[PDB]
Amino acid sequence: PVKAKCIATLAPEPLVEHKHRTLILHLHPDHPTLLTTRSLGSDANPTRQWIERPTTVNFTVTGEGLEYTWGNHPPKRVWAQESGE
Amino acid sequence: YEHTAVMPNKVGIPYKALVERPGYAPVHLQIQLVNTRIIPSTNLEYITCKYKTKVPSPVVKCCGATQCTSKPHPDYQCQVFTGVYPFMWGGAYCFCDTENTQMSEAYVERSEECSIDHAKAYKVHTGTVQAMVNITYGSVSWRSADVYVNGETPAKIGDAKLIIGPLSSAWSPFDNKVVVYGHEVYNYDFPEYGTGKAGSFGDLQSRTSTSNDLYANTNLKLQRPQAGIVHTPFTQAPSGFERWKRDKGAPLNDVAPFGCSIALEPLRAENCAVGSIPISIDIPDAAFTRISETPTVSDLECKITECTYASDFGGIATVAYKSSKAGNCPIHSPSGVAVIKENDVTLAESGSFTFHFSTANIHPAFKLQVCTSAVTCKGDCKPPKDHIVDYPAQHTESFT
Amino acid sequence: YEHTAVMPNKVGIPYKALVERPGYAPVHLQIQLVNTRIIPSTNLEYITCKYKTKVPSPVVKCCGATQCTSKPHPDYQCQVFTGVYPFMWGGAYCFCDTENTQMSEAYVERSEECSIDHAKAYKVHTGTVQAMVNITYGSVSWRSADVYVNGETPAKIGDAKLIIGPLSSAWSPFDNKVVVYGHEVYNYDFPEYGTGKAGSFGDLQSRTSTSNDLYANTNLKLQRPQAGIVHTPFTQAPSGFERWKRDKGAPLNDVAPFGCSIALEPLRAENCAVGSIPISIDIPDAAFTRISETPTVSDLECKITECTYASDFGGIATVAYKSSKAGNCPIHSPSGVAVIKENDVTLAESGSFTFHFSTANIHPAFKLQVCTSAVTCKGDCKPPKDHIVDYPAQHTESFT
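Protein sequence lines correspond, in order, to chains C, D and P.
Going letter by letter, the first sequence gives residues 4 to 88 in my numbering.
Going letter by letter, the second sequence gives residues 22 to 421 in my numbering.
Going letter by letter, the third sequence gives residues 22 to 421 in my numbering.
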């Protein structure tokens with residue numbers, strides 16, 4: 004057994020949607036995709052869920068940031084400061 | 022002029038402080054902590070992996086017993102058995118019918134995947150954090166050097182000597198006990214070398230890959246082969262490395278706090294944005310410009326024109342520059358309210374040049390130090406609309 | 022029957038507890054903690070050693086200057102000098118008289134002794150203590166196994182499974198910061214890598230022996246050679262490794278507390294007699310003798326005959342054994358007042374056999390459990406005369 008880099012997986016890109024300190028994400032994979040995040044406060048408040056059924060989800064993003072992992076697609080990151088004027 | 026500065030630990034954004042040396046012209050900083058890779062002190066305690074019941078071929082004495090001995094193989098399970106009639110290619114071959122004896126033996130051994138696909142425990146201490154700090158300094162305009170955090174280490178790469186930390190935010194996102202797998206790192210209370218219950222994680226526990234000795238609590242129990250046929254019932258828990266790959270927990274690069282990323286590399290935890298770092302630099306005095314050569318800018322005026330109450334450098338402000346000479350003029354807001362994109366502004370003889378910035382207070386009353394000339398750029402700002410992209414440049418939220 | 026037992030940490034003496042399993046015959050212990058080697062968690066911070074000013078041979082330009090550059094050698098001291106007339110085998114050789122230039126350069130380098138004769142700093146954490154515990158158990162009569170202290174580790178060497186500690190006496194005789202030299206270990210607040218003042222300890226500070234980089238604050242100051250002759254005045258502090266060998270402090274194997282010895286070996290601190298260890302064993306039930314096979318000894322009598330109020334097993338006591346069968350009978354005083362040399366006594370049909378012991382109370386009122394038969398061996402003891410030899414077997418001093 005060797006450390007080959009398999010030609011490997013990739014899940015379709017997400018639909019990013021803005022709200023006030025909140026990411027609505029209409030999402031639509033090919034296969035069951037383990038999504039997960041890390042609210043970068045010292046309060047981690049992570050989430051995990053395999054997604055195979057297309058699902059609009061939500062994420063209470065904080066002031067300092069959140070990150071977002073659409074499958075083995077690379078991890079995203081997001082500034083959600085205010086939007087409530 | 023050894024410019025001490027408390028400094029927030031946050032990776033992807035410069036920290037353009039200002040050198041207020043009494044006597045010569047000030048110089049801006051641009052300190053971008055491009056990385057916060059950690060590399061705690063650790064110890065390889067034991068690799069684990071899934072077993073392989075690589076059965077040695079059983080003995081079959083045809084008429085009478087064959088006592089087994091406890092060979093020193095890891096988890097060497099061996100049990101004599103009688104009452105067989107072993108069908109092997111010619112029907113049976115041993116001519117007795119109860120004195121037909123069969124001695125099954127099986128030991129546990131590292132898989133071939135153990136070398137390569139293997140979890141890996143650690144006792145993790147704190148160690149010492151690092152960074153490839155870029156400073157596009159002053160007029161030097163470049164140094165991208167790897168540094169430490171311990172508050173007496175310089176790194177004379179470029180021309181400047183810089184001392185960092187120790188940081189106050191000692192949260193090692195790694196716990197004391199950690200399991201590691203390929204790239205997914207698990208802050209797991211692995212039981213220990215030498216103990217792991219069969220089926221549970223660490224049923225196989227080898228010190229390293231080379232280590233011929235190990236601990237194999239697999240509950241390997243041989244049973245007698247059936248109805249006078251040659252084979253080896255090995256009844257065994259599939260590994261706690263088999264599970265731990267599909268009934269596991271989530272990875273620390275997906276559950277950590279305070280903003281870290283991970284690698285199976287020196288076991289760093291990159292970019293952990295938390296707390297502050299007391300950083301202090303000894304600039305090369307040659308890089309300074311004497312005060313009598315930069316234009317004096319006073320008798321000026323500053324005002325916002327479209328302040329954006331935001332993260333991206335949306336805040337702007339014209340400045341009625343009132344110079345004496347003409348040239349460059351480093352700039353900074355000593356108040357942390359306003360973070361400015363421009364370190365330096367060019368000046369003709371008393372012109373005007375807008376800069377960009379970002380704030381967090383509706384009424385930004387921040388001083389601006391245009392190369393030894395302070396000014397309040399008071400005003401009012403507007404909220405944006407479009408907030409779903411990576412991390413800010415503002416990082417200055419307070420009471421507003 | 023998993024015989025938990027609090028147990029004093031003290032090296033060279035057995036601890037002959039007694040297994041009171043309800044149902045079968047009891048069995049004695051003999052637990053001798055032959056060693057208490059410690060091996061804390063540590064880090065090689067920097068070797069130091071005495072420098073060697075291995076001068077590179079100076080330049081001599083005969084008419085005009087030779088500007089020096091700051092080469093990256095450790096503590097690369099170099100200073101141009103003029104005004105020479107260097108006598109070299111033919112009188113002088115450079116025909117000028119003031120334009121004769123001499124560029125002296127000298128850097129610090131590890132001695133050849135640095136590889137071998139070298140102090141060695143450490144940041145020392147606590148780690149995990151060990152022991153080659155002999156138990157000449159029961160009728161097993163032998164196991165000499167290396168164990169741990171962490172209170173879930175077994176060591177199935179022999180037949181018994183034994184769990185030790187964690188000890189309550191966490192005094193690591195090593196301090197946090199330690200210097201080490203050959204065999205003499207010094208719990209010294211070494212300044213640090215990268216800092217050590219010249220002359221003081223750690224003027225040379227190399228990470229390891231191989232490490233070409235180091236820190237050499239030796240205050241190496243070159244001076245001009247005299248009166249037009251070729252040589253290299255290097256004015257330098259002899260090392261803080263030179264001192265630290267004759268104005269040092271004393272070694273931790275000569276100044277430690279609570280009774281330790283030391284080695285430049287895994288950095289253990291052997292035989293640290295302090296506190297207690299909560300030890301618990303799972304005996305092999307096969308080693309037990311069932312209760313209906315050992316003689317019942319009751320209707321007996323015990324009395325001292327010459328009790329020695331002492332350390333060596335000077336206390337003696339006949340016992341009017343009143344047996345049922347004839348054979349062996351393990352013995353122990355469940356009270357810690359009396360420590361007994363004999364684990365086991367042979368018995369004919371109701372004879373008498375003296376044993377040896379040692380106590381600390383003038384009136385030793387200690388129970389004696391002769392294989393499920395208690396008895397008070399009350400009496401009175403006598404002080405000895407002859408107290409200058411190694412350590413006791415009594416170790417039971419209390420209020421008397």
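Every residue, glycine too, gets a C-beta built ideally from N, C-alpha and C.
Residue from the options with nearest C-alpha to residue i
| i | options | result |
| --- | --- | --- |
| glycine 112/P | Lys31/P, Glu126/P, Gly223/P, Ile250/P | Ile250/P |
| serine 232/P | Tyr67/P, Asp180/P, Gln53/P | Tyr67/P |
| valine 76/P | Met153/P, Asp96/P, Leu50/P | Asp96/P |
| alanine 395/P | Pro405/P, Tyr412/P, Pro351/P | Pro351/P |
| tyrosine 72/D | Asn238/D, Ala338/D, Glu126/D | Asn238/D |
| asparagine 155/P | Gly217/P, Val105/P, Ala127/P, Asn56/P | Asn56/P |
| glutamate 322/P | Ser313/P, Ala338/P, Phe309/P | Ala338/P |
| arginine 131/D | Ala26/D, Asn121/D, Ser230/D | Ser230/D |
| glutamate 205/P | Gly261/P, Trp163/P, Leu243/P, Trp265/P | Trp265/P |
| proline 47/D | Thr63/D, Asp118/D, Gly159/D | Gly159/D |
| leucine 50/D | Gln98/D, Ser344/D, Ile302/D, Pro254/D | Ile302/D |
| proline 405/P | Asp118/P, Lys37/P, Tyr330/P, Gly215/P | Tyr330/P |
| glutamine 244/D | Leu39/D, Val101/D, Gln88/D, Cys70/D | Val101/D |
| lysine 218/D | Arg42/D, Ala258/D, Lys346/D | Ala258/D |
| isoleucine 383/P | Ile325/P, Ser260/P, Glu370/P | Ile325/P |
| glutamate 20/C | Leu30/C, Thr12/C, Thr72/C, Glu70/C | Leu30/C |
| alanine 142/D | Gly223/D, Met124/D, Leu188/D, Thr397/D | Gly223/D |
Min CB distance residue i to chain D below 8 angstroms
| i | result |
| --- | --- |
| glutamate 88/C | yes |
| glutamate 173/P | yes |
| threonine 59/C | no |
| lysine 6/C | yes |
| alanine 47/C | yes |
| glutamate 85/C | yes |
| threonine 39/C | yes |
| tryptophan 53/C | no |
Residues sharing a beta bridge with residue i, DSSP
| i | result |
| --- | --- |
| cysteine 99/P | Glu126/P |
| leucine 65/P | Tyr143/P |
| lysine 324/D | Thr339/D |
| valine 76/D | The partner list for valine 76/D (beta bridge, DSSP) is empty, contrary to what the question assumes. |
| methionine 28/P | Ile298/P |
| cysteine 89/P | None; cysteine 89/P has no bridge partner. |
| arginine 131/P | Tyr72/P |
| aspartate 303/P | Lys182/P |
Neighbour flag for residue i against chain C, beta carbons, 8 angstroms
| i | result |
| --- | --- |
| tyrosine 412/D | yes |
| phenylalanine 262/D | no |
| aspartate 196/D | no |
| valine 295/D | yes |
| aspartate 224/D | no |
| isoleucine 137/D | yes |
| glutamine 123/D | no |
| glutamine 415/D | yes |
| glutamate 134/D | yes |
| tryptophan 110/D | no |
| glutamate 418/D | yes |
Proximity test, Cβ basis, 8 angstroms: residue i and chain E
| i | result |
| --- | --- |
| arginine 56/C | Among the protein chains in the structure shown, which are C, D and P, there is no chain E. |
**the region 259-277 of chain D contacting the region 77-88 of chain D, beta-carbon criterion three pairs below 8 angstroms** = No, they do not touch.
**Prompt:** Listed from N- to C-terminal order along the chain, which residues in the region 255-281 of chain D have their beta-carbon within a distance smaller than 7 angstroms of any beta-carbon of chain C?
**Reply:** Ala271, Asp275, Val276, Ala277, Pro278, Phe279, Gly280
**Request:** For the region 205-219 of chain P, enumerate the residues whose C-beta is nearer than 8 angstroms to any C-beta of chain D, in chain order.
**Result:** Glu213, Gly215, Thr216
**Item:** Under 8 angstroms (Cβ pairs) to chain D, residues found in the region 51-81 of chain P
**Value:** Of all residues in the region 51-81 of chain P, the ones placed with a Cβ closer than 8 angstroms to any Cβ belonging to chain D are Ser62, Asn64, in chain order.
**Item:** Positions along the region 12-34 of chain C whose CB lies within less than 7 angstroms of some CB in chain D
**Value:** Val19, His21, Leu26
**Request:** Tell me, please, whether the region 44-64 of chain D touches the region 368-377 of chain D by the rule of three or more beta-carbon pairs shorter than 8 angstroms.
**Result:** no
**Request:** Return the residues of the region 66-77 of chain C that lie within a Cβ-Cβ distance of less than 9 angstroms from chain D, sorted by chain order.
**Result:** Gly66, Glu67, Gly68, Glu70, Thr72
**Asked** Looking at chain C, which residues of the region 389-410 of chain D have a Cβ within less than 9 angstroms of any of its Cβ atoms?
**Response** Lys403, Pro404, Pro405, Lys406, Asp407, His408, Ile409, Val410
**Prompt:** Just checking, does the region 282-293 of chain P make contact with the region 401-417 of chain D on the three C-beta pairs under 8 angstroms criterion?
**Reply:** no
**Request:** Compile a chain-ordered list of the residues in the region 83-105 of chain D whose CB is closer than 8 angstroms to at least one CB of chain C.
**Result:** none
**Item:** Residues within the region 330-350 of chain D neighbouring chain C, beta-carbon criterion of under 9 angstroms
**Value:** Shown in chain order are the members of the region 330-350 of chain D whose Cβ falls below 9 angstroms from a Cβ of chain C: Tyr330, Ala331, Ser332, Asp333.
**Item:** Any 3 or more C-beta pairs closer than 8 angstroms across the region 32-39 of chain D and the region 186-202 of chain D
**Value:** The region 32-39 of chain D, when compared against the region 186-202 of chain D, does not touch it at the 8 angstroms Cβ threshold.
**Message:** Could you check whether the region 301-316 of chain D touches the region 70-78 of chain C, counting it as contact only if at least three pairs of C-beta atoms, one from each stretch, sit closer than 8 angstroms?
**Reply:** As far as the Cβ criterion goes, the region 301-316 of chain D does not touch the region 70-78 of chain C, which means the pair count is below three.
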